[PDB]
Each structure stands twice: as C-alpha cells, then as structure tokens.
>>> print(open('entry-v8.pdb').read())   # PDB, C-alpha atoms
ATOM      1  CA  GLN A 701     -83.024-185.568  35.957
ATOM      2  CA  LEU A 702     -80.010-187.866  36.236
ATOM      3  CA  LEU A 703     -79.465-187.027  39.910
ATOM      4  CA  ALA A 704     -83.068-187.978  40.659
ATOM      5  CA  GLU A 705     -82.678-191.215  38.714
ATOM      6  CA  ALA A 706     -79.518-192.133  40.624
ATOM      7  CA  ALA A 707     -81.508-191.523  43.805
ATOM      8  CA  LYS A 708     -83.654-194.495  42.816
ATOM      9  CA  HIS A 709     -80.693-196.839  43.266
ATOM     10  CA  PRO A 710     -79.467-196.628  46.890
ATOM     11  CA  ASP A 711     -78.213-200.205  46.432
ATOM     12  CA  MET A 712     -75.887-199.282  43.594
ATOM     13  CA  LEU A 713     -75.247-195.535  43.757
ATOM     14  CA  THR A 714     -74.529-193.586  46.943
ATOM     15  CA  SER A 715     -73.672-189.920  47.510
ATOM     16  CA  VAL A 716     -74.230-188.906  43.880
ATOM     17  CA  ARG A 717     -73.886-185.125  44.019
ATOM     18  CA  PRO A 718     -72.991-182.173  41.765
ATOM     19  CA  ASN A 719     -69.429-180.897  42.169
ATOM     20  CA  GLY A 720     -70.314-177.257  41.550
ATOM     21  CA  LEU A 721     -72.427-174.269  42.556
ATOM     22  CA  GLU A 722     -76.167-173.704  42.191
ATOM     23  CA  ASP A 723     -77.743-170.854  40.204
ATOM     24  CA  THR A 724     -78.428-167.624  42.096
ATOM     25  CA  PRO A 725     -80.459-164.400  41.638
ATOM     26  CA  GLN A 726     -78.623-161.685  39.691
ATOM     27  CA  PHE A 727     -79.335-157.963  39.321
ATOM     28  CA  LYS A 728     -79.679-157.098  35.627
ATOM     29  CA  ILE A 729     -79.489-153.474  34.477
ATOM     30  CA  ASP A 730     -80.986-152.462  31.127
ATOM     31  CA  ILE A 731     -79.446-149.298  29.693
ATOM     32  CA  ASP A 732     -81.901-147.709  27.257
ATOM     33  CA  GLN A 733     -79.809-146.786  24.214
ATOM     34  CA  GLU A 734     -82.382-144.293  22.936
ATOM     35  CA  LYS A 735     -82.826-142.116  26.030
ATOM     36  CA  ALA A 736     -79.038-142.123  26.437
ATOM     37  CA  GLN A 737     -78.325-140.726  22.971
ATOM     38  CA  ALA A 738     -81.260-138.387  23.592
ATOM     39  CA  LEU A 739     -79.482-136.836  26.581
ATOM     40  CA  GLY A 740     -76.021-136.645  25.033
ATOM     41  CA  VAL A 741     -74.612-139.405  27.224
ATOM     42  CA  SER A 742     -71.957-141.761  25.867
ATOM     43  CA  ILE A 743     -72.430-145.492  26.411
ATOM     44  CA  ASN A 744     -68.704-145.663  27.114
ATOM     45  CA  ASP A 745     -69.082-143.105  29.907
ATOM     46  CA  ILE A 746     -71.980-145.130  31.317
ATOM     47  CA  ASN A 747     -70.281-148.533  31.233
ATOM     48  CA  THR A 748     -67.122-147.106  32.809
ATOM     49  CA  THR A 749     -68.634-145.113  35.672
ATOM     50  CA  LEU A 750     -70.677-148.234  36.408
TER      51      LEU A 750
ATOM     52  CA  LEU B 251     -77.011-145.735  14.941
ATOM     53  CA  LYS B 252     -78.500-142.307  15.655
ATOM     54  CA  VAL B 253     -81.691-140.525  16.706
ATOM     55  CA  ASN B 254     -82.775-137.813  14.264
ATOM     56  CA  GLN B 255     -83.748-134.412  15.657
ATOM     57  CA  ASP B 256     -86.957-134.984  13.705
ATOM     58  CA  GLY B 257     -87.826-137.751  16.154
ATOM     59  CA  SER B 258     -87.007-140.745  13.987
ATOM     60  CA  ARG B 259     -84.448-143.388  14.729
ATOM     61  CA  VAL B 260     -81.888-145.000  12.471
ATOM     62  CA  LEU B 261     -81.168-148.649  13.086
ATOM     63  CA  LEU B 262     -78.421-150.862  11.652
ATOM     64  CA  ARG B 263     -80.850-152.765   9.444
ATOM     65  CA  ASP B 264     -81.986-149.453   7.970
ATOM     66  CA  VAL B 265     -78.580-149.335   6.273
ATOM     67  CA  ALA B 266     -77.465-152.971   6.042
ATOM     68  CA  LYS B 267     -78.512-156.570   5.420
ATOM     69  CA  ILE B 268     -77.671-158.561   8.544
ATOM     70  CA  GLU B 269     -77.151-162.304   8.238
ATOM     71  CA  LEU B 270     -75.180-165.235   9.612
ATOM     72  CA  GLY B 271     -72.419-165.976   7.107
ATOM     73  CA  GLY B 272     -68.971-167.525   6.857
ATOM     74  CA  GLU B 273     -65.873-165.623   7.967
ATOM     75  CA  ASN B 274     -64.608-166.042   4.418
ATOM     76  CA  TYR B 275     -66.224-167.298   1.215
ATOM     77  CA  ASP B 276     -63.100-168.649  -0.480
ATOM     78  CA  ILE B 277     -63.384-172.397   0.083
ATOM     79  CA  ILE B 278     -66.142-174.631  -1.304
ATOM     80  CA  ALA B 279     -66.052-178.440  -1.247
ATOM     81  CA  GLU B 280     -67.982-181.095  -3.188
ATOM     82  CA  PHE B 281     -68.056-184.840  -2.523
ATOM     83  CA  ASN B 282     -68.970-186.864  -5.612
ATOM     84  CA  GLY B 283     -70.713-183.760  -6.938
ATOM     85  CA  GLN B 284     -72.816-183.015  -3.860
ATOM     86  CA  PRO B 285     -72.376-180.246  -1.237
ATOM     87  CA  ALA B 286     -69.698-181.091   1.317
ATOM     88  CA  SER B 287     -67.266-179.831   3.922
ATOM     89  CA  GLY B 288     -64.654-181.388   6.157
ATOM     90  CA  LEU B 289     -61.135-181.392   7.520
ATOM     91  CA  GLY B 290     -57.770-181.781   5.839
ATOM     92  CA  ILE B 291     -55.510-183.229   8.524
ATOM     93  CA  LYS B 292     -51.729-182.753   8.576
ATOM     94  CA  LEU B 293     -49.587-185.215  10.526
ATOM     95  CA  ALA B 294     -47.532-183.512  13.248
ATOM     96  CA  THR B 295     -43.756-183.813  12.829
ATOM     97  CA  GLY B 296     -42.577-187.172  14.162
ATOM     98  CA  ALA B 297     -46.015-188.410  15.194
ATOM     99  CA  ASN B 298     -47.200-191.875  14.130
ATOM    100  CA  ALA B 299     -49.594-192.049  11.171
ATOM    101  CA  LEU B 300     -51.631-195.123  12.138
TER     102      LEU B 300
END
>>> encode(input="entry-v8.pdb", output="structure tokens")
Amino acid sequence: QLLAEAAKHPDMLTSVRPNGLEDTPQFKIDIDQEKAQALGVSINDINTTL
Amino acid sequence: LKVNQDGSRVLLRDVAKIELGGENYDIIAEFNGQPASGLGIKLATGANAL
C-alpha cells in the first residue's frame, strides 16, 4: 500500500523498493495424530525420519 | 492424549481447563484503587538519572 503510494510521486520519491524477499509457495505436511497413535507410530519417530 | 481401544478419544480438555493466564499470580498492582500494572525501573550503575 505504501509502495504504491510512493509510486504516485515520481517527482519526490524514486526507486522506492523493498529490501527483502517475496513470499513463496511452501509444501505443508499434516501428520494425523489419531491414525498415528492408531498404528503404534511415535510422533518422535515420524518427525525425526522426516 | 490417547485413543481408547473402545474407539473413543481422550483430548487434553477432557482432563483440564485450558486458558491464557499469567506465568505467575504473585504480583497485583492498584493505582489510586483501580486495576493497574507497570514497570519499576532501576537505574544502571553509573548511568545518569535525568
């Protein structure tokens, strides 16, 4: 919002840019706690092998 | 917490009241009789007060 606003002042502000990285797609894994305990699998074992 | 062989499940609330509460409940402040909080500030050794 502020970057767009500063773009409306090319006579005052120039090269106003973010000094960082942009958000990116991530791969989320959802471990089902129920089915895990229902198969005799430890969450610790899961989160370590992974 | 655990999945009964019966088929039921036991969750943390089933055995506890879960709420957001202070780390400790020892200190309680009142300003002119009304609820208050705040900071007691100690001057570092040698540092200027003003």
>>> resolve_selection(input="entry-v8.pdb", expression="the PyMOL selection byres ((chain A and resi 730-739) around 12)", output="MDAnalysis selection string")
(chainID A and resid 727:729 740:747 750) or (chainID B and resid 251:261)
>>> residues_around(input="entry-v8.pdb", residues="residue 716 of chain A", least_positions_apart="6", cutoff="8 Å", atoms="all atoms listed in the file", output="number ranges by chain")
A: 703, 706-707
>>> write_last_selection(input="entry-v8.pdb", atoms="C-alpha atoms", output="short mmCIF file (atom, residue, chain, number, x, y, z; two decimals), in the frame of the given file")
data_model
loop_
_atom_site.label_atom_id
_atom_site.label_comp_id
_atom_site.auth_asym_id
_atom_site.auth_seq_id
_atom_site.Cartn_x
_atom_site.Cartn_y
_atom_site.Cartn_z
CA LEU A 703 -79.46 -187.03 39.91
CA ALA A 706 -79.52 -192.13 40.62
CA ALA A 707 -81.51 -191.52 43.80
#
>>> atom_distance(input="entry-v8.pdb", atom1="atom CA of residue 295 of chain B", atom2="atom CA of residue 278 of chain B")
28.0 Å
>>> axis_aligned_box(input="entry-v8.pdb", around="segment 711-728 of chain A", padding_each_side="8 Å", output="lines of an AutoDock Vina configuration file")
center_x = -74.9
center_y = -178.7
center_z = 41.6
size_x = 27.0
size_y = 59.1
size_z = 27.9
>>> residues_around(input="entry-v8.pdb", residues="residue 718 of chain A", least_positions_apart="3", cutoff="12 Å", atoms="all atoms listed in the file", output="ChimeraX atom specification")
/A:702-704,706,715,721-722
>>> atom_distance(input="entry-v8.pdb", atom1="atom CA of residue 289 of chain B", atom2="atom CA of residue 276 of chain B")
15.2 Å
>>> atom_distance(input="entry-v8.pdb", atom1="atom CA of residue 701 of chain A", atom2="atom CA of residue 717 of chain A")
12.2 Å
>>> decode(input="entry-v8.pdb", residues="chain A", atoms="C-alpha atoms", output="mmCIF file, in the first residue's frame")
data_model
loop_
_atom_site.group_PDB
_atom_site.id
_atom_site.type_symbol
_atom_site.label_atom_id
_atom_site.label_comp_id
_atom_site.auth_asym_id
_atom_site.auth_seq_id
_atom_site.Cartn_x
_atom_site.Cartn_y
_atom_site.Cartn_z
ATOM 1 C CA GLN A 701 0.000 0.000 0.000
ATOM 2 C CA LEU A 702 2.833 2.383 0.862
ATOM 3 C CA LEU A 703 4.926 1.283 -2.123
ATOM 4 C CA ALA A 704 2.010 2.035 -4.443
ATOM 5 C CA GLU A 705 1.511 5.426 -2.809
ATOM 6 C CA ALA A 706 5.188 6.312 -3.227
ATOM 7 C CA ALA A 707 4.785 5.382 -6.891
ATOM 8 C CA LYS A 708 2.421 8.339 -7.194
ATOM 9 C CA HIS A 709 5.281 10.752 -6.512
ATOM 10 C CA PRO A 710 7.965 10.307 -9.211
ATOM 11 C CA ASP A 711 8.892 13.954 -8.564
ATOM 12 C CA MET A 712 9.748 13.343 -4.929
ATOM 13 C CA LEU A 713 10.397 9.622 -4.474
ATOM 14 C CA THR A 714 12.433 7.460 -6.849
ATOM 15 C CA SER A 715 13.453 3.796 -6.670
ATOM 16 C CA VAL A 716 11.368 3.046 -3.570
ATOM 17 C CA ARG A 717 11.739 -0.718 -3.219
ATOM 18 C CA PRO A 718 11.563 -3.451 -0.555
ATOM 19 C CA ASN A 719 14.945 -4.618 0.741
ATOM 20 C CA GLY A 720 13.880 -8.230 1.225
ATOM 21 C CA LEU A 721 12.419 -11.366 -0.337
ATOM 22 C CA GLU A 722 8.894 -12.042 -1.587
ATOM 23 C CA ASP A 723 6.610 -14.787 -0.244
ATOM 24 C CA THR A 724 6.820 -18.177 -1.959
ATOM 25 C CA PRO A 725 4.794 -21.431 -2.153
ATOM 26 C CA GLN A 726 5.598 -23.916 0.625
ATOM 27 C CA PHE A 727 4.797 -27.623 0.968
ATOM 28 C CA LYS A 728 2.877 -28.211 4.205
ATOM 29 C CA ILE A 729 2.548 -31.725 5.632
ATOM 30 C CA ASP A 730 -0.260 -32.531 8.071
ATOM 31 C CA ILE A 731 0.502 -35.514 10.299
ATOM 32 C CA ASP A 732 -2.769 -37.001 11.553
ATOM 33 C CA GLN A 733 -2.214 -37.606 15.270
ATOM 34 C CA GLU A 734 -5.085 -40.088 15.513
ATOM 35 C CA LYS A 735 -4.135 -42.513 12.734
ATOM 36 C CA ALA A 736 -0.548 -42.394 14.014
ATOM 37 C CA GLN A 737 -1.419 -43.490 17.552
ATOM 38 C CA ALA A 738 -3.788 -45.981 15.922
ATOM 39 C CA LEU A 739 -0.883 -47.689 14.148
ATOM 40 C CA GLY A 740 1.557 -47.628 17.057
ATOM 41 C CA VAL A 741 3.779 -44.995 15.466
ATOM 42 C CA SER A 742 5.574 -42.442 17.634
ATOM 43 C CA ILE A 743 5.385 -38.785 16.619
ATOM 44 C CA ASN A 744 9.044 -38.527 17.592
ATOM 45 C CA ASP A 745 9.923 -41.306 15.144
ATOM 46 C CA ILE A 746 7.931 -39.508 12.447
ATOM 47 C CA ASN A 747 9.421 -36.046 12.967
ATOM 48 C CA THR A 748 12.952 -37.471 13.050
ATOM 49 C CA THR A 749 12.841 -39.735 9.998
ATOM 50 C CA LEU A 750 11.322 -36.761 8.181
#
